[PDB]
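Student: Okay, here's the structure, questions in a sec.
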Amino acid sequence: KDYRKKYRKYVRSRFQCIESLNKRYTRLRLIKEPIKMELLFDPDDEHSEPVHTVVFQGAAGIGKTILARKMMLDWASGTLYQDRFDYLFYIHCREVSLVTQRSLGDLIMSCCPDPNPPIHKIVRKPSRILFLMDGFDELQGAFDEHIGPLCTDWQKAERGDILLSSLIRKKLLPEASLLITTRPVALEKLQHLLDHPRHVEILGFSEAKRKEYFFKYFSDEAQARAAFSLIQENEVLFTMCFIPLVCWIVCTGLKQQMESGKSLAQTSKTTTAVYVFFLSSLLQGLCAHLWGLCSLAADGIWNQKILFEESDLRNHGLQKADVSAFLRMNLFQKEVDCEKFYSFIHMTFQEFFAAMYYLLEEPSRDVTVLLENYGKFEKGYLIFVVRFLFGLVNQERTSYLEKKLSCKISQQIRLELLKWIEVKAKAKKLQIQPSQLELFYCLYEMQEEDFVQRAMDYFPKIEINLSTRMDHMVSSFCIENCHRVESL
Ligand SMILES: CCN1CCC[C@@H](Nc2ccc(-c3c(C)cc(C(F)(F)F)cc3O)nn2)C1
Ligand SMILES: Nc1ncnc2c1ncn2[C@@H]1O[C@H](COP(=O)(O)OP(=O)(O)O)[C@@H](O)[C@H]1O
């Protein structure tokens with residue numbers, strides 16, 4: 001009762017996104033499978049029982065965390081679910097252990113400011129609680145669909161997997177609301193737990209909200225208009241900027257280009273090109289501690305560690321001066337509430353350095369065993385690890401950052417990637433790992449026509465489902481380089 005005031009105060013301070021949230025938060029396009037945030041839990045014209053599970057699916061960098069944090073902030077300010085929820089608990093999935101034994105009470109108390117919250121008072125009205133799980137796909141380790149028995153006592157300590165499974169399956173606090181944000185990759189794993197869910201999709205920035213971000217990022221009208229005009233000209237950057245992460249990456253590297261006397265230009269055509277242009281802007285140590293960065297990222301992906309302690313990065317070679325320089329470069333970030341944890345700015349950046357670990361000029365560097373774990377939850381699906389390998393393998397594409405890569409092993413990896421496409425396109429009997437459209441994103445990163453044309457011949461018939469202008473751009477490129485041997 002009185003604790004709700006103390007709790008909303010704590011939430012309002014923690015969720016001010018000072019890495020302001022209201023200052024740079026740009027409206028995200030959400031569509032049901034357009035939706036008004038307050039009406040998310042309201043039953044449609046047809047049914048009368050309110051919706052308890054709502055799932056937000058979004059691509060990497062689309063803003064699932066920014067949306068979840070903006071919801072925490074809005075609610076704590078009395079502008080969202082004021083009459084609906086007494087408590088909103090923020091479960092940040094990357095910090096959650098699926099093996100450590102904890103009860104639902106222990107988990108709820110973790111979200112509180114004080115060491116002794118009134119837990120029995122809080123769980124008195126379970127329907128007045130909204131558990132908000134940000135990043136389901138970021139649960140480190142294997143998520144088993146066969147685990148049990150399910151739990152019905154909020155005080156019984158259970159293993160993390162049994163605890164979240166019982167919470168998601170609506171066994172623990174059955175009338176409590178749930179908001180799960182996930183990448184569509186994990187939707188396979190999640191759909192089996194879900195109990196009557198409302199599915200919502202985060203489509204990112206509109207063309208209008210793209211311009212808005214550029215004018216919010218740059219506090220000088222001349223600079224904001226120059227950066228937006230650059231994107232309006234580049235078909236790839238204009239198309240890619242629907243992802244708010246691409247908006248930030250592009251704006252940040254364009255800001256560094258404005259500090260120097262360089263005329264605004266970005267001739268990037270692939271996601272690899274964008275990431276290498278961004279990382280090249282930071283090369284003003286990044287080039288000395290490259291092997292350490294890539295070994296940290298490969299270990300974090302293969303042994304499932306999103307958050308690294310000071311001891312972990314010290315083991316990989318990154319000393320106090322190196323972590324303090326990478327943090328300033330906006331490559332690393334301080335995370336896990338006020339605890340001394342570190343992580344790459346985005347999961348895509350960890351996958352970019354994991355992909356680079358396999359190509360570095362001299363974890364297991366065998367690309368065969370990496371491809372064997374592709375599309376599996378227990379390793380993070382390896383989507384950008386494989387995509388960035390296609391891009392970085394490109395020999396008719398170099399930079400100072402790419403010159404430190406072994407062209408001896410990138411030619412062996414290039415041939416192992418081509419055998420992979422051949423296996424995946426031919427045997428279409430598999431139940432999702434690289435879809436045909438996903439293989440097109442991989443070939444788009446490759447960009448070299450000898451490879452793209454050789455690989456496109458392995459596809460017997462083009463069977464794709466386009467949804468975005470990105471899907472059109474990528475698939476259009478692949479089909480252009482898909483000409484029969486006898487053709488014409
Ligand atoms: C499930 C795997 N796959 C199946 C085929 C369709 C594909 N759809 C997308 C959409 C956007 C992005 C994406 C990109 C192109 C760049 C960035 C980055 F710039 F931020 F890196 C982030 C992204 O999420 N990827 N795939 C997903
Ligand atoms: N609505 C938004 N407004 C402004 N910036 C955003 C927004 N959504 C995402 N971002 C940018 O994208 C970056 C990563 O987004 P995030 O929410 O972590 O993505 P996801 O959780 O889907 O992987 C943030 O650091 C931020 O700069």
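Order determines the names: the first chain of the structure tokens is A, the second B, and so forth; residues in each chain are numbered 1 upward, and ligands are numbered 1 upward as they are shown.
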Segment 233-467 of chain A: which residues are alpha helix (DSSP H) by DSSP, as a VMD selection string?

Tutor: chain A and resid 233 235 to 240 244 to 259 271 to 281 290 to 302 310 to 315 320 to 328 347 to 357 367 to 372 383 to 393 400 to 403 407 to 426 436 to 446 449 to 456

Student: Collect all residues with atoms no farther than 9 Å from ligand 1, counting only C-alpha atoms and all ligand atoms, and output them as a PDB file with C-alpha atoms, in the first residue's frame.

Tutor:
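Dumped everything to part_22.pdb:
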ATOM      1  CA  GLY A  58      11.650  -7.887 -32.507  1.00  0.00           C
ATOM      2  CA  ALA A  59      14.852  -8.174 -34.519  1.00  0.00           C
ATOM      3  CA  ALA A  60      18.248  -7.477 -32.826  1.00  0.00           C
ATOM      4  CA  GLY A  61      18.643  -3.754 -32.107  1.00  0.00           C
ATOM      5  CA  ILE A  62      14.938  -3.038 -32.760  1.00  0.00           C
ATOM      6  CA  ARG A 183      13.851 -12.117 -30.969  1.00  0.00           C
ATOM      7  CA  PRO A 184      11.652 -14.164 -33.358  1.00  0.00           C
ATOM      8  CA  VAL A 185      14.336 -16.945 -33.281  1.00  0.00           C
ATOM      9  CA  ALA A 186      13.289 -17.983 -29.767  1.00  0.00           C
ATOM     10  CA  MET A 240      18.724  -0.304 -42.601  1.00  0.00           C
ATOM     11  CA  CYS A 241      17.830   2.706 -40.442  1.00  0.00           C
ATOM     12  CA  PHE A 242      14.420   1.158 -39.643  1.00  0.00           C
ATOM     13  CA  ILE A 243      16.452  -0.652 -36.867  1.00  0.00           C
ATOM     14  CA  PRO A 244      17.040   1.943 -34.118  1.00  0.00           C
ATOM     15  CA  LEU A 245      20.442   0.304 -33.369  1.00  0.00           C
ATOM     16  CA  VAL A 246      21.539   1.080 -36.991  1.00  0.00           C
ATOM     17  CA  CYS A 247      20.285   4.677 -36.395  1.00  0.00           C
ATOM     18  CA  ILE A 249      25.601   3.237 -34.965  1.00  0.00           C
ATOM     19  CA  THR A 270      26.346  -4.476 -45.874  1.00  0.00           C
ATOM     20  CA  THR A 271      25.820  -4.877 -42.079  1.00  0.00           C
ATOM     21  CA  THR A 272      29.560  -5.915 -41.916  1.00  0.00           C
ATOM     22  CA  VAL A 274      28.393  -0.624 -41.207  1.00  0.00           C
ATOM     23  CA  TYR A 275      30.052  -2.347 -38.218  1.00  0.00           C
ATOM     24  CA  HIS A 346      24.927  -4.773 -28.050  1.00  0.00           C
ATOM     25  CA  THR A 348      25.389  -7.940 -32.251  1.00  0.00           C
ATOM     26  CA  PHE A 349      28.793  -6.435 -31.255  1.00  0.00           C
ATOM     27  CA  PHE A 352      30.822  -9.383 -34.510  1.00  0.00           C
ATOM     28  CA  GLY A 375      20.133 -22.207 -34.862  1.00  0.00           C
ATOM     29  CA  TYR A 381      21.414 -19.174 -32.409  1.00  0.00           C
ATOM     30  CA  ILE A 383      22.800 -15.548 -36.364  1.00  0.00           C
ATOM     31  CA  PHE A 384      25.196 -12.575 -36.561  1.00  0.00           C
ATOM     32  CA  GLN A 433      17.957 -23.214 -38.552  1.00  0.00           C
ATOM     33  CA  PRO A 434      18.926 -20.928 -41.584  1.00  0.00           C
ATOM     34  CA  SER A 435      15.669 -20.184 -43.506  1.00  0.00           C
ATOM     35  CA  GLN A 436      15.923 -19.479 -47.285  1.00  0.00           C
ATOM     36  CA  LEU A 437      15.475 -15.728 -46.585  1.00  0.00           C
ATOM     37  CA  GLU A 438      18.091 -15.931 -43.790  1.00  0.00           C
ATOM     38  CA  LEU A 439      20.531 -17.567 -46.250  1.00  0.00           C
ATOM     39  CA  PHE A 440      19.878 -14.499 -48.484  1.00  0.00           C
ATOM     40  CA  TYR A 441      20.973 -12.211 -45.588  1.00  0.00           C
ATOM     41  CA  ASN A 465       8.273 -14.755 -47.282  1.00  0.00           C
ATOM     42  CA  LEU A 466       9.104 -11.058 -47.456  1.00  0.00           C
ATOM     43  CA  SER A 467       7.899  -8.744 -44.684  1.00  0.00           C
ATOM     44  CA  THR A 468      10.185  -5.706 -44.640  1.00  0.00           C
ATOM     45  CA  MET A 470      15.166  -5.041 -45.771  1.00  0.00           C
ATOM     46  CA  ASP A 471      13.831  -8.503 -46.827  1.00  0.00           C
ATOM     47  CA  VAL A 474      18.510  -8.542 -49.548  1.00  0.00           C
TER      48      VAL A 474
END

Student: Could you jot down the atom CA of residue 425 of chain A to atom CA of residue 459 of chain A separation for me, Å, one decimal place?

Tutor: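 Computing it gives 5.3 Å between the two atoms.
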
Student: Would you pick out the contacts of residue 120 of chain A at 10 Å or less, using only C-alpha atoms, so that residues sharing its chain but fewer than 2 positions from it are not included, and give the list as an MDAnalysis selection string?

Tutor: chainID A and resid 105 117:118 122:125 154:155

Student: For the selection just defined, write its residues with N, CA, C and O atoms to a file, as a PDB file, in the first residue's frame.

Tutor:
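For reference, selection28.pdb as written:
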ATOM      1  N   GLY A 105       9.438 -15.445  -4.820  1.00  0.00           N
ATOM      2  CA  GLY A 105       9.596 -14.405  -3.816  1.00  0.00           C
ATOM      3  C   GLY A 105      10.987 -13.800  -3.854  1.00  0.00           C
ATOM      4  O   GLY A 105      11.128 -12.576  -3.848  1.00  0.00           O
ATOM      5  N   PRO A 117      11.788  -6.089   1.577  1.00  0.00           N
ATOM      6  CA  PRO A 117      10.497  -5.632   1.046  1.00  0.00           C
ATOM      7  C   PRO A 117       9.330  -6.445   1.627  1.00  0.00           C
ATOM      8  O   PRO A 117       9.510  -7.599   2.025  1.00  0.00           O
ATOM      9  N   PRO A 118       8.122  -5.866   1.684  1.00  0.00           N
ATOM     10  CA  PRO A 118       6.969  -6.627   2.199  1.00  0.00           C
ATOM     11  C   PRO A 118       6.468  -7.608   1.140  1.00  0.00           C
ATOM     12  O   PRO A 118       5.504  -7.329   0.434  1.00  0.00           O
ATOM     13  N   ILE A 122       2.955  -7.826  -1.192  1.00  0.00           N
ATOM     14  CA  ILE A 122       3.056  -7.665  -2.638  1.00  0.00           C
ATOM     15  C   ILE A 122       2.300  -8.767  -3.395  1.00  0.00           C
ATOM     16  O   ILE A 122       1.509  -8.474  -4.304  1.00  0.00           O
ATOM     17  N   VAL A 123       2.534 -10.029  -3.023  1.00  0.00           N
ATOM     18  CA  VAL A 123       1.868 -11.151  -3.681  1.00  0.00           C
ATOM     19  C   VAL A 123       0.409 -11.347  -3.252  1.00  0.00           C
ATOM     20  O   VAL A 123      -0.189 -12.355  -3.619  1.00  0.00           O
ATOM     21  N   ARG A 124      -0.155 -10.406  -2.469  1.00  0.00           N
ATOM     22  CA  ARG A 124      -1.536 -10.463  -1.991  1.00  0.00           C
ATOM     23  C   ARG A 124      -2.513 -10.336  -3.155  1.00  0.00           C
ATOM     24  O   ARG A 124      -3.529 -11.017  -3.184  1.00  0.00           O
ATOM     25  N   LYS A 125      -2.198  -9.484  -4.122  1.00  0.00           N
ATOM     26  CA  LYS A 125      -3.014  -9.306  -5.303  1.00  0.00           C
ATOM     27  C   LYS A 125      -2.156  -9.668  -6.531  1.00  0.00           C
ATOM     28  O   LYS A 125      -1.579  -8.776  -7.158  1.00  0.00           O
ATOM     29  N   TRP A 154       4.872 -19.770  -4.685  1.00  0.00           N
ATOM     30  CA  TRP A 154       5.785 -18.640  -4.919  1.00  0.00           C
ATOM     31  C   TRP A 154       6.981 -18.594  -3.935  1.00  0.00           C
ATOM     32  O   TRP A 154       7.944 -17.862  -4.168  1.00  0.00           O
ATOM     33  N   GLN A 155       6.932 -19.386  -2.864  1.00  0.00           N
ATOM     34  CA  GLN A 155       7.995 -19.420  -1.877  1.00  0.00           C
ATOM     35  C   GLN A 155       8.953 -20.586  -2.034  1.00  0.00           C
ATOM     36  O   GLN A 155       9.958 -20.617  -1.318  1.00  0.00           O
TER      37      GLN A 155
END

Student: Nearest residue to residue 201 of chain A out of A:28, A:313, A:39, A:479, using only C-alpha atoms?

Tutor: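 Going through A:28, A:313, A:39, A:479 one by one, the smallest distance to residue 201 of chain A is for A:28.
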
Student: Run DSSP on the backbone of this structure and report the residues of segment 150-213 of chain A it assigns to strand (DSSP E), as an MDAnalysis selection string.

Tutor: chainID A and resid 158:159 177:182 197:204

Student: Given the choices A:309, A:374, A:21, A:359, which gets closest to residue 408 of chain A if the distance is worked out from only C-alpha atoms?

Tutor: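 Using only C-alpha atoms, residue 408 of chain A sits closest to A:359.
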
Student: Of the candidates A:292, A:204, A:34, A:78, which shows the shortest atom-to-atom distance to ligand 2, using only C-alpha atoms and all ligand atoms?

Tutor: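 That would be A:204, the residue with the smallest distance to ligand 2.
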
Student: For ligand 2, which of A:277, A:344, A:302, A:41 is the closest residue, counting only C-alpha atoms and all ligand atoms?

Tutor: A:344

Student: Choose the residue, out of A:311, A:333, A:127, A:165, that has the smallest atom-to-atom separation from ligand 2; count only C-alpha atoms and all ligand atoms.

Tutor: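 Smallest distance to ligand 2 is found for A:333.
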
Student: Do a neighbour search on residue 19 of chain A at 9 Å with only C-alpha atoms, toss out local chain neighbours closer than 2 positions, and write the hits as a compact mmCIF listing (two decimals) with N, CA, C and O atoms, in the first residue's frame.

Tutor:
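What landed in result11.txt:
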# COMPACT_ATOMS: atom_id res chain seq x y z
N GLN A 16 15.86 5.89 -15.86
CA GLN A 16 15.98 7.20 -16.50
C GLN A 16 16.94 7.20 -17.71
O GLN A 16 17.22 8.28 -18.23
N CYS A 17 17.40 6.00 -18.16
CA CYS A 17 18.32 5.73 -19.28
C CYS A 17 19.40 6.82 -19.46
O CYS A 17 19.44 7.52 -20.48
N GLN A 333 29.95 -1.48 -21.87
CA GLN A 333 29.00 -0.79 -21.02
C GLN A 333 28.97 -1.38 -19.61
O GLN A 333 29.25 -2.57 -19.43
N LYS A 334 28.66 -0.55 -18.62
CA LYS A 334 28.54 -1.01 -17.25
C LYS A 334 27.09 -1.48 -17.09
O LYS A 334 26.17 -0.75 -17.46

Student: Which distance in Å separates atom CA of residue 145 of chain A and atom CA of residue 193 of chain A, to one decimal?

Tutor: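 We find that atom CA of residue 145 of chain A and atom CA of residue 193 of chain A lie 7.8 Å from each other.
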
Student: What's the 9 Å shell around residue 73 of chain A, counting only C-alpha atoms, without same-chain residues fewer than 3 positions away, as a list in words?

Tutor: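 That gives residues 8, 11, 12, 13, 14, 15, 16, 21, 68, 69, 70, 76, 77, 78, 79 and 80 of chain A.
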
Student: Since we have the selection now, will you write its residues out, keeping N, CA and C atoms, as a tab-separated table (two decimals), in the first residue's frame?

Tutor:
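Output saved as selection_36.tsv:
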chain	number	residue	atom	x	y	z
A	8	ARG	N	7.63	2.73	-6.69
A	8	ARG	CA	7.55	3.58	-7.88
A	8	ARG	C	8.65	4.65	-7.88
A	11	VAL	N	11.84	2.83	-9.04
A	11	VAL	CA	11.72	2.55	-10.47
A	11	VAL	C	11.98	3.81	-11.29
A	12	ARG	N	11.37	4.94	-10.91
A	12	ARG	CA	11.56	6.23	-11.60
A	12	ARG	C	13.03	6.67	-11.68
A	13	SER	N	13.85	6.37	-10.67
A	13	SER	CA	15.26	6.76	-10.69
A	13	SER	C	16.10	5.81	-11.52
A	14	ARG	N	15.90	4.49	-11.34
A	14	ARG	CA	16.64	3.46	-12.06
A	14	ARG	C	16.38	3.49	-13.57
A	15	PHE	N	15.15	3.77	-13.97
A	15	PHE	CA	14.79	3.75	-15.38
A	15	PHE	C	14.77	5.14	-16.01
A	16	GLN	N	15.86	5.89	-15.86
A	16	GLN	CA	15.98	7.20	-16.50
A	16	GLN	C	16.94	7.20	-17.71
A	21	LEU	N	15.94	9.40	-21.04
A	21	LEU	CA	15.08	8.45	-21.75
A	21	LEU	C	13.96	9.15	-22.51
A	68	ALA	N	10.87	-1.78	-23.09
A	68	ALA	CA	10.63	-2.30	-21.75
A	68	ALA	C	11.01	-1.30	-20.67
A	69	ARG	N	12.11	-0.56	-20.87
A	69	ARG	CA	12.54	0.45	-19.91
A	69	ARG	C	11.64	1.68	-19.96
A	70	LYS	N	11.19	2.06	-21.15
A	70	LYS	CA	10.25	3.17	-21.29
A	70	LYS	C	8.90	2.79	-20.64
A	76	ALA	N	5.84	3.92	-13.60
A	76	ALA	CA	6.28	4.51	-12.34
A	76	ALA	C	5.95	6.00	-12.24
A	77	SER	N	5.69	6.67	-13.37
A	77	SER	CA	5.31	8.07	-13.39
A	77	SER	C	3.77	8.29	-13.40
A	78	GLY	N	2.98	7.21	-13.34
A	78	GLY	CA	1.53	7.27	-13.34
A	78	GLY	C	0.89	7.54	-14.69
A	79	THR	N	1.65	7.33	-15.78
A	79	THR	CA	1.20	7.57	-17.17
A	79	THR	C	0.90	6.27	-17.96
A	80	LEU	N	1.03	5.10	-17.32
A	80	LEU	CA	0.78	3.83	-18.00
A	80	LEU	C	0.43	2.76	-16.98
